[PDB]
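Take a look at the structure below.
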Amino acid sequence: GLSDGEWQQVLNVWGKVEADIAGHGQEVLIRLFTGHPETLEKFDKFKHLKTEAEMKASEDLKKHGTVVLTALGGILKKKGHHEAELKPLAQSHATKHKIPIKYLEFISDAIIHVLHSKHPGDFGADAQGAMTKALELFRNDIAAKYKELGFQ
Ligand code: HEM
Ligand SMILES: O=N[O-]
Ligand SMILES: O=N[O-]
Ligand SMILES: O=N[O-]
Ligand SMILES: O=N[O-]
């Protein structure tokens, strides 16, 4: 797990996201979709987005970005005690949305990139370490639920 000190760093970094949740959420999804176009295909409601300009101009994409990072934020503030919060998301993403765990790796990497891009020089080595650990814990606990469900 993470140390108390590491959790404190995670939640300090998260303060950056909370100041502009829509903007961070939008950039995370754009980074995901542009780096990994196969991920766009999992969203019927974003499939029409044929260019990054269209992605940037999509108010619904920003809306979903807010939904996604709000959910993640709630999970992070549980500091690993997130079974109840994580369970339903693991279940919907495996069973309904059919999201391979690899795509959760992609979006985790996208979050790290967006933090550096929006806050260059203000996302320190210790902070990256802590946030990376938190995202790995999140992914690992989702993966356990995926295995329960036999989802690949
Ligand atoms: C930080 C990781 C993620 C979080 C916190 C997250 C969160 C959410 C939430 C809260 C919802 C709405 C409720 C639900 O259906 O469970 C949702 C819907 C959805 N998610 Fe995710 N998600 C994540 C990663 C991903 C990834 C990587 C993909 C695909 C590559 C994905 C695909 C979808 C799809 C297709 C929906 C349904 C969208 C709609 O039609 O309205 N999710 N997600
Ligand atoms: O504190 N990590 O679960
Ligand atoms: O929990 N202090 O590393
Ligand atoms: O954007 N992930 O639902
Ligand atoms: O209507 N089920 O998303």
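Note that the numbering used here gives residue 67 to position 70 of the sequence shown, counting from 1, and the numbers run on in steps of one.
From the three backbone atoms N, C-alpha and C, an ideal C-beta is built for every residue, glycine too.
1. Locate the alpha helix (DSSP H) running through residue 23, then write down its first and last residues.
2. Measuring straight from C-alpha to C-alpha, what distance separates residue 65 and residue 20?
3. Using a beta-carbon distance below 8 Å, is residue 63 in contact with chain B?
4. Provide the residue span of the alpha helix (DSSP H) that contains residue 85, from first to last.
5. Using the C-alpha atoms, what's the distance from residue 131 back to residue 17?
6. Report the start-end ranges of each alpha helix (DSSP H) in the segment 33 to 109 that is 4 residues or longer and not cut off at the edges.
7. What does the Cβ neighbour count give for residue 5, buried or exposed, with the cut at 16 atoms within 10 Å?
8. Based on Cα-Cα distance, which residue from 94, 87, 122 lies nearest to residue 141?
9. From residue 48 to residue 114, what distance separates their C-alpha atoms?
10. Can you tell me where the alpha helix (DSSP H) holding residue 148 begins and where it ends?
11. Given this structure, state the Cα-to-Cα distance separating residue 41 from residue 110, to the nearest angstrom.
The short version:
1. 18 to 32
2. 12 Å
3. The structure shown has no chain B; it contains just one protein chain.
4. 80 to 88
5. 20 Å
6. 49 to 54, 56 to 73, 80 to 88
7. exposed
8. 87
9. 20 Å
10. Looking at the DSSP string, residue 148 is not in any alpha helix (DSSP H), and its letter there is neither H nor E.
11. 25 Å
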